[PDB]
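The structure appears right after this line, and notes come after that.
A, B, ... follow the sequence lines: proteins, then strands. Residue 1 opens every chain. Heavy-atom basis, side chains included; hydrogens, waters and symmetry copies ignored.
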Amino acid sequence: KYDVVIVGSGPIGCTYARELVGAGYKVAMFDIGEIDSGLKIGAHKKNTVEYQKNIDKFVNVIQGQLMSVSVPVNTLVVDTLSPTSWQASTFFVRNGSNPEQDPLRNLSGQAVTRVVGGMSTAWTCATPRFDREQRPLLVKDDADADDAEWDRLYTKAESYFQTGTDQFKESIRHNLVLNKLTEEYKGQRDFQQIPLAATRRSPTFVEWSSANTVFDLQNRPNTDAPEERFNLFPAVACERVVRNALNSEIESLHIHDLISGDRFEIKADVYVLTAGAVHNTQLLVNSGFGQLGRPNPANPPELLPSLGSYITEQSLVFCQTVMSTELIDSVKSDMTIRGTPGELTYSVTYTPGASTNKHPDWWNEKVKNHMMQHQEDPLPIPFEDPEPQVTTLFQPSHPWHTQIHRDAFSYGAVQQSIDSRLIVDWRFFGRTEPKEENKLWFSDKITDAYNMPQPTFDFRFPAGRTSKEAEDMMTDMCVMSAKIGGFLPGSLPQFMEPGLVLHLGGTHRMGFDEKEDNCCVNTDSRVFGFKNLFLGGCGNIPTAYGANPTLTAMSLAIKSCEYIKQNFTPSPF
Amino acid sequence: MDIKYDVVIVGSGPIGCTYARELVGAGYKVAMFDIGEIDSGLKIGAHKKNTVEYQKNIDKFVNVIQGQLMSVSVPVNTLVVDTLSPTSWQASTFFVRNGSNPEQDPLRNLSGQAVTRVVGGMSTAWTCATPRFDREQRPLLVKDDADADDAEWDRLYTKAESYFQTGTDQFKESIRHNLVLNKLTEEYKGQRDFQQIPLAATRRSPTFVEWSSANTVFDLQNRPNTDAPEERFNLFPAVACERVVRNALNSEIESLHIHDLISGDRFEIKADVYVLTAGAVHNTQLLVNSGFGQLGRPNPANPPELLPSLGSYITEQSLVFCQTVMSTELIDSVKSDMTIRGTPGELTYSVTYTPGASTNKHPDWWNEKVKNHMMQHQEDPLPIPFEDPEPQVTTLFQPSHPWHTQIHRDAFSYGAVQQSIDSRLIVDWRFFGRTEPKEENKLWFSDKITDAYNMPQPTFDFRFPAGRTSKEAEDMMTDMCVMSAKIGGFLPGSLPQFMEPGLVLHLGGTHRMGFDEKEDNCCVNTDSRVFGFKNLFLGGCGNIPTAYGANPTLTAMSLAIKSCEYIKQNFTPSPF
Amino acid sequence: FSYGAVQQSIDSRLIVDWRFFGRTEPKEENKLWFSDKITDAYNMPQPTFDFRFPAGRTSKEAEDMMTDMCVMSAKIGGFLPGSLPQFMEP
Amino acid sequence: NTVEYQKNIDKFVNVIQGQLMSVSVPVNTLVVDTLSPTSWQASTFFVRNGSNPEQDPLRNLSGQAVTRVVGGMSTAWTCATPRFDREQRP
Ligand SMILES: Cc1cc2nc3c(=O)[nH]c(=O)nc-3n(C[C@H](O)[C@H](O)[C@H](O)COP(=O)(O)OP(=O)(O)OC[C@H]3O[C@@H](n4cnc5c(N)ncnc54)[C@H](O)[C@@H]3O)c2cc1C
Ligand SMILES: Cc1cc2nc3c(=O)[nH]c(=O)nc-3n(C[C@H](O)[C@H](O)[C@H](O)COP(=O)(O)OP(=O)(O)OC[C@H]3O[C@@H](n4cnc5c(N)ncnc54)[C@H](O)[C@@H]3O)c2cc1C
Ligand SMILES: Cc1cc2nc3c(=O)[nH]c(=O)nc-3n(C[C@H](O)[C@H](O)[C@H](O)COP(=O)(O)OP(=O)(O)OC[C@H]3O[C@@H](n4cnc5c(N)ncnc54)[C@H](O)[C@@H]3O)c2cc1C
Ligand SMILES: OC[C@H]1O[C@@H](O)[C@H](F)[C@@H](O)[C@H]1O
Ligand SMILES: OC[C@H]1O[C@@H](O)[C@H](F)[C@@H](O)[C@H]1O
């Protein structure tokens with residue numbers, strides 16, 4: 001028996017933990033996955049010296065933990081088996097595939113992670129705020145009050161994640177790209193550092209934030225927090241919340257301990273679901289909310305008829321570029337270079353402080369030292385120079401988020417032919433209109449690896465604005481990137497597999513009125529009709545958004561915790 | 001961090017952990033340093049495959065493996081990229097990029113050789129195959145008394161097996177395992193014996209195996225603790241060990257020079273006993289960075305002062321591979337004992353069998369599983385249950401087939417995972433050749449190029465020796481083709497091939513063992529002591545000086561147990 | 001004259017090729033010469049190229065050309081996977 | 001101009017490829033290290049298979065090819081015959 005139970009130990013469940021453990025509630029958190037970021041529980045797995053010295057390897061860590069949500073039945077023809085090998089006569093259900101899934105209306109890229117810390121063990125840490133156009137209303141009829149409220153929540157969310165915009169400020173590659181784009185779009189678009197949840201520890205190491213940053217996940221009481229109460233239970237699959245007969249309260253949470261095999265009913269005052277956008281929905285549907293099985297408009301749901309409808313997933317376009325000769329020459333614009341490289345006669349110098357210098361003293365010093373210590377190298381950029389981290393944020397005239405950077409989540413084989421210092425990634429992210437026909441549903445027959453109802457997508461990017469902006473977005477990437485360099489062969493401009501972006505929202509969407517706003521939670525993230533059931537995560541977000549959604553889901557979780565503090569009293573210690 | 005210990009061990013792989021288990025147990029104040037960090041859950045240095053999620057999604061684990069294997073020597077890239085935009089910065093030469101090694105001849109490399117820097121080392125992701133070597137593959141520990149030599153290795157191997165929890169019955173009730181085992185036993189009746197791959201692993205449930213690791217050998221928890229209140233052990237992760245400092249007389253090690261990667265601070269650690277267990281590549285690197293052997297391109301015209309055999313006579317196994325898709329014959333034989341009423345999914349479908357019937361081809365445990373699968377899943381066209389464990393079959397190295405063999409399913413898949421053919425039907429074949437030690441095959445270190453930790457860049461100069469090594473390698477390929485055909489045809493996309501040299505990760509002989517430094521061309525004696533040094537010991541596969549086909553870790557561990565016996569007799573622990 | 005594996009999943013009625021062709025400034029240093037030792041298949045001096053697209057106008061136009069192809073093509077449809085915008089082999 | 005090719009236009013690329021002979025192919029430096037130990041193998045990237053050792057791979061026109069047939073390349077060409085405007089014309 002606990003005051004609060006939280007399903008999921010991602011960054012959003014950790015937000016609930018930090019708020020509610022902090023205010024003195026007795027909290028239990030269950031996660032279906034296990035501890036594997038080392039001694040700091042739920043921490044970013046990229047925070048090893050080894051991964052940051054070998055960053056091209058990290059993509060493997062991400063791929064290891066990302067399990068595809070719905071894989072349609074495979075129909076690839078293999079007709080060169082030996083005549084002695086066993087072969088089927090049909091494309092039968094094999095290898096975990098989902099026979100419910102139409103392969104042409106899928107988010108083939110969508111995937112889920114089952115580990116303590118969730119996806120924040122592996123994420124890219126981009127945490128931009130949404131502007132009003134992308135953002136749901138928390139107060140209607142008063143835009144200054146709405147703005148004030150979001151600014152308060154976002155500022156709080158940013159302190160939890162340690163969000164900042166200074167961590168790449170002395171990178172030459174970063175500044176080279178930032179300044180070129182600033183100049184080229186002067187007075188049309190503004191560029192800045194991607195806001196990133198991260199603290200720099202040294203010139204060659206960044207401590208990336210994670211769920212662990214929000215809440216350390218240590219059991220309490222402990223020496224540092226002797227008046228607090230928290231228990232984390234990993235390797236526990238939460239399966240159902242049990243409703244009372246009147247559908248006004250949750251009575252227990254049914255769990256299955258994956259190590260012992262035991263099953264229990266846990267009791268709490270407050271039930272918080274933060275299992276991610278796909279798995280929150282699964283749990284809810286397995287508990288008799290919305291509709292199990294293939295959508296049947298003729299058999300309309302008892303509860304939450306909008307559950308798993310109006311799903312949004314962003315369009316994503318991507319390429320990489322190889323830095324222009326002109327930009328590479330400009331790196332060394334302030335330098336005087338004499339003699340020939342590799343001889344005793346060679347010299348590279350600059351005038352410190354000269355207001356005609358195109359670059360600051362710290363840049364010139366690093367170029368100089370590099371050119372002088374590595375005279376065999378043809379490039380002026382230092383070998384350990386950090387990557388670019390540049391964005392121009394969503395605006396009505398360019399309604400897409402942009403990242404101009406180097407991501408550890410590369411999408412094709414890492415090429416080795418072109419020097420890494422030259423390469424920039426471009427990712428532009430489009431917003432998707434919520435439409436009732438776009439659905440996440442759960443089979444009544446097929447089950448997944450944890451014996452829960454199999455997720456199935458029925459999705460296409462909506463015609464009209466969504467698709468028009470997607471293609472405009474592609475053009476914009478092509479136009480903008482060319483200012484920096486030509487496309488890298490093997491990473492030519494393309495749309496990524498639907499869902500690979502992992503910014504799925506709207507599966508259990510928020511709104512003011514259940515019927516009028518076709519939604520499932522109110523602005524306290526409380527499930528309509530239920531006193532004591534709260535959902536957290538990107539599945540709450542009901543709008544078309546282009547920016548990375550995590551900071552916004554966190555802000556909503558902060559507001560939700562405010563309601564919980566006003567309505568439930570912690571038990572005596 | 002104390003500055004003074006009884007014993008310091010560089011590296012937290014299973015071999016370092018053997019030294020720790022033996023010397024912490026015996027009362028020595030032990031520190032262990034690892035350049036890598038703690039990542040595998042609450043059990044320090046444990047197998048990463050031991051999660052519910054990986055064992056329900058075993059095909060994802062190849063990502064974990066790939067994520068932690070860092071190539072040792074990548075030659076300068078000479079791929080022509082001639083479709084860059086005319087505005088892009090374009091190379092005039094194939095210059096040194098992306099951590100490539102200009103010392104490395106691309107045609108005399110172990111391009112697949114890789115290293116892991118994490119606490120527990122490579123045992124965090126290995127396959128756990130631990131066979132013993134027979135005489136032919138195995139260095140001598142006793143001269144001129146083969147029976148005493150065998151007795152000494154049995155004693156060592158038995159202990160090493162108990163440390164790793166090696167077993168040969170974890171897969172005894174797998175249908176796929178037995179289907180393969182029985183067909184191969186029958187086909188080679190009176191010619192070759194087949195058994196389960198000896199595996200370092202404990203079965204915990206019908207669907208979960210606790211694979212062994214460094215953590216199995218030694219739990220890597222600091223001591224003293226409640227469970228060991230009189231023991232003294234500290235593990236220091238993210239500590240790059242750079243040099244052992246030799247005294248001027250070249251008779252003792254005086255300190256271990258370390259660099260803490262998090263603080264940036266450097267220290268000189270003092271110990272009575274120094275043990276290097278950094279892997280076959282990195283033990284050699286550390287020795288060469290400390291003045292042993294010869295730094296730079298090999299040069300006879302000035303032989304090294306100390307350990308002139310260091311980094312020569314290196315051995316790496318040839319590895320051949322394919323996968324097969326199970327024959328129609330064998331798959332039909334899975335259900336040979338079943339009585340099947342009517343048609344699947346239809347009302348009067350029943351599948352039954354007679355337990356104990358003498359005419360039954362298979363045991364009751366097999367039929368019960370098949371029956372239950374065919375009845376619970378009548379849509380599925382195969383008789384193999386969905387959760388049936390993988391095959392784990394070998395015919396071990398012999399004089400008439402001088403290669404080790406694994407007929408199995410390895411988490412370490414070599415190409416993209418194929419999804420079209422049902423996984424129940426797929427069997428992997430890996431055959432492993434032995435390589436003659438030759439002085440010309442070398443691991444050396446650049447005197448100019450450095451790696452990511454600023455240590456001298458490893459460089460290989462290697463070819464499979466002509467003569468027996470090469471003859472055997474090609475004969476082994478043919479053997480794999482002929483043997484595999486008895487089970488099924490080749491899986492397209494996994495046709496029979498030699499793997500990139502060194503992908504097998506069984507590199508030996510980089511700091512090889514022998515009796516006499518000069519007559520046996522070696523670096524350590526049979527106590528694993530570096531010649532001429534009182535207090536310096538090397539552990540790991542680099543010790544093994546012979547041409548072996550089987551997986552070497554068990555043998556390296558056995559050497560390490562011997563070495564601890566010498567240490568316990570020659571050094572006294574400090575008072576507690 | 002198609003340039004990569006011809007794809008069969010997208011109906012060919014939907015497919016349009018875009019080829020934009022840049023002009024290249026003549027530069028003394030851009031050469032075709034013939035070996036005095038190596039011969040071709042008909043025993044004649046083996047042709048050798050020494051060629052880069054000139055910096056300056058030629059390169060600036062080539063990249064602007066690429067941009068114009070991405071901009072114009074989008075009016076008609078999006079890129080076909082496997083025939084994404086690229087410079088072809090010189 | 002055959003009924004068969006214009007009914008199967010996708011196949012004509014092979015005609016064109018069959019008669020285009022590359023002008024200058026640089027010595028190949030692809031590393032093939034999975035040969036059987038018994039196979040004969042190279043110690044160096046020697047001149048093989050018609051390659052040109054004079055050719056700098058990085059200053060080439062690798063796509064340049066020639067056709068040796070009566071009618072020359074007009075046996076396979078695309079037939080686009082525009083005029084040059086003054087800007088392009090000698
Ligand atoms: C490679 C990568 C890059 C990304 N980069 C960014 C970026 O830069 N910015 C950003 O805004 N977003 C990014 N994201 C997405 C971001 O990680 C998620 O939005 C965020 O982690 C969601 O938080 P959450 O707590 O709702 O869910 P999750 O992090 O998905 O965690 C939910 C959890 O609950 C668990 N669980 C699931 N089902 C059950 C169940 N039945 N019972 C018990 N527990 C259960 C899981 O095991 C898991 O820990 C990225 C994701 C990936 C993988
Ligand atoms: C996927 C795969 C499958 C394998 N399969 C098996 C098989 O089934 N059976 C078989 O016998 N073996 C197999 N192996 C090989 C086996 O893992 C190794 O032989 C074994 O781990 C060697 O142990 P070790 O302790 O000598 O070194 P390692 O496990 O390599 O550990 C050495 C360590 O020292 C550290 N270190 C390195 N340099 C420094 C330094 N300068 N300072 C401080 N620390 C340092 C490392 O971080 C590391 O932890 C496999 C390996 C892989 C990766
Ligand atoms: C697939 C393709 C598409 C094309 N599309 C177009 C198009 O749309 N537009 C256009 O303007 N251009 C196009 N071209 C280019 C056009 O084909 C050439 O510009 C044109 O054919 C050149 O004509 P030519 O007579 O100068 O040389 P070629 O057609 O090359 O003919 C030269 C000939 O001389 C021969 N020969 C070579 N050496 C010797 C020797 N030593 N002794 C004797 N004979 C010799 C040949 O065998 C050959 O028949 C295309 C080319 C091809 C292959
Ligand atoms: O593909 C997952 C994506 O997640 C997004 O949030 C990141 F910003 C992208 O860079 C990418 O990593
Ligand atoms: O390629 C690495 C190899 O290591 C060997 O020891 C294993 F036995 C093989 O199965 C394979 O995993």
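Looking only at distances, a side-chain donor or acceptor of B/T405 sits under 3.5 Å from a matching main-chain atom of B/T395. The main-chain N or O of B/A148 is found under 3.5 Å from a side-chain atom of B/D145 such that the two form a donor-acceptor pair. Under the 3.5 Å distance criterion, the side-chain polar atoms of B/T116 are left unmatched by any main-chain donor or acceptor of B/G121. A donor-acceptor contact shorter than 3.5 Å links the side chain of B/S205 to the backbone of B/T207. Between the side chain of A/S85 and the backbone N or O of B/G489, at least one donor-acceptor pair lies under 3.5 Å. Judged by distance alone, the side chain of B/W153 and the main-chain N or O of B/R138 form no donor-acceptor pair under 3.5 Å. The backbone N or O of B/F133 lies less than 3.5 Å from a partner atom in the side chain of B/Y157, making a donor-acceptor pair. At least one donor-acceptor pair closer than 3.5 Å links the side chain of B/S123 to the backbone N or O of B/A214. Side chain of B/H506 to main chain of B/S318: no donor-acceptor pair is present (N/O by atom type, distance under 3.5 Å, no hydrogens or angles). A distance-only check finds a donor-acceptor pair linking the side chain of A/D448 to the backbone of A/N451 [under 3.5 Å].
Side chains of B/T130 and B/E161 form no contact here, defined as non-hydrogen atoms less than 4.5 Å apart. Contact annotation: the side chain of B/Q195 approaches that of B/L396 to within less than 4.5 Å [non-hydrogen atoms, C-beta and beyond]. Side chains of A/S97 and A/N95 form no contact here, defined as non-hydrogen atoms less than 4.5 Å apart. Counting heavy atoms from C-beta on, the side chains of B/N360 and B/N367 come closer than 4.5 Å. In this structure the side chain of B/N441 reaches within 4.5 angstrom of the side chain of B/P465, judged on heavy atoms. For the pair B/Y353/B/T339, no side-chain contact is recorded, criterion being any heavy-atom separation below 4.5 Å from C-beta on. Counting heavy atoms from C-beta outward, B/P131 and B/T394 have side chains that stay 4.5 Å or more apart.
Residues satisfying the side-chain contact (heavy atoms from CB on, under 4.5 Å) criterion with B/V417, sequence neighbours excluded, are B/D59, B/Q419. Residues passing the side-chain contact (heavy atoms from CB on, under 4.5 Å) test with B/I340 are B/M338, B/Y349, B/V351, B/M374, sequence neighbours excluded. With sequence neighbours excluded, the residues satisfying side-chain contact (heavy atoms from CB on, under 4.5 Å) with B/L140 are B/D149, B/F515.
A salt bridge does not link B/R176 to B/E390: none of the charged side-chain nitrogens sits closer than 4.0 Å to a carboxylate oxygen. Ion pairing between a basic and an acidic side chain is recognised when a charged N comes within 4.0 Å of a carboxylate O; B/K189 and B/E187 show no such pairing. For B/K371 and B/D364, the salt-bridge test fails: no basic side-chain N is under 4.0 Å from an acidic carboxylate O. A salt bridge links B/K471 to B/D475: at least one charged side-chain nitrogen sits closer than 4.0 Å to a carboxylate oxygen.
Across B/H404 and B/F397, no two heavy atoms sit closer than the pair N-CD1, 4.2 Å. Nearest heavy atom pair, residue B/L69 against residue B/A114, reads CB-CB, 3.7 Å. For B/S420 against A/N74, the heavy-atom pair with the smallest separation is OG-OD1, 3.3 Å.
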Assess whether side chain to side chain contact (heavy atoms under 4.5 Å, CB included) is satisfied between B/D154 and B/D150, documenting all intermediate values.
CA-CA 6 Å; B/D154 181 56; B/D150 286 349; over 6 Å; no

Set out, in order, the CA-CA distance, both residues' side-chain angles and the distance that settles salt bridge (charged side-chain N to carboxylate O under 4.0 Å, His left out) for B/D428 and B/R430, then state yes or no.
CA-CA 7 Å; B/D428 299 356; B/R430 284 176 179 79; 3.0 Å; yes

Please report the C-alpha distance between B/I487 and B/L330 in whole Å, then the side-chain angles of each, then the deciding distance to 0.1 Å, and finally whether the side chain to side chain contact (heavy atoms under 4.5 Å, CB included) criterion is met.
CA-CA 7 Å; B/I487 299 298; B/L330 282 177; 3.8 Å; yes

Test side chain to side chain contact (heavy atoms under 4.5 Å, CB included) applied to A/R94 and B/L425, step by step:
CA-CA 11 Å; A/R94 266 161 290 161; B/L425 299 167; over 6 Å; no

Between B/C322 and B/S484, is a side chain to side chain contact (heavy atoms under 4.5 Å, CB included) present by the stated rule, with each step listed?
CA-CA 9 Å; B/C322 66; B/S484 71; 4.3 Å; yes

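Aromatic ring pairs are classed by plane angle as parallel below 30°, tilted from 30° to 60° and perpendicular above 60°; the pair B/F171 and B/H177 is tilted. Ring geometry for B/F61 versus B/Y54: interplanar angle over 60°, hence perpendicular rather than tilted (30 to 60°). Using a 30° and 60° split on the angle between ring planes, B/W429 and B/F431 fall in the tilted class, from 30° to 60°. Between B/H377 and B/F386, the two ring planes are perpendicular [angle over 60°; tilted spans 30° to 60°].
The only option from B/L503, B/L110, B/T435 that meets the side chain to side chain contact (heavy atoms under 4.5 Å, CB included) definition with B/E316 turns out to be B/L110. Remark: of the listed residues B/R204, B/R203, B/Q196, B/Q392, B/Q196 is the sole one forming a side-chain hydrogen bond (donor to acceptor under 3.5 Å, both in side chains) with B/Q170.
Taking OG from B/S327 and NZ from B/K183, the interatomic distance works out to 7.0 Å, rounded to the nearest 0.5 Å. To the nearest 0.5 Å, atom CZ of residue B/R108 and atom CD of residue B/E440 are 8.0 Å apart.
For an aromatic pair to be called close, the ring centres must be under 6.0 Å apart, and B/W126 with B/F164 satisfies this.
Within a 6.0 Å sphere centred on NZ of B/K172, heavy atoms belonging to other residues, nucleotides or ligands number 12 at most. A 6.0 Å sphere centred on NZ of B/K335 holds no more than 12 heavy atoms belonging to other residues, nucleotides or ligands. Residue B/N372 qualifies as enclosed at atom CG: its count of foreign heavy atoms under 6.0 Å is above 12. Counted within 6.0 Å of CG on B/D144, heavy atoms from surrounding residues, nucleotides or ligands total 12 or fewer; the atom is thus considered open. Atom CD of B/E387 has 12 or fewer heavy atoms from other residues, nucleotides or ligands within 6.0 Å.
Stacking of B/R512 on the aromatic ring of B/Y313 is recorded, both the 6.0 Å distance cut-off and the 45° axial limit being met.
Under 3.5 Å, the side chains of B/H373 and B/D380 contain a donor-acceptor pair of N or O atoms.
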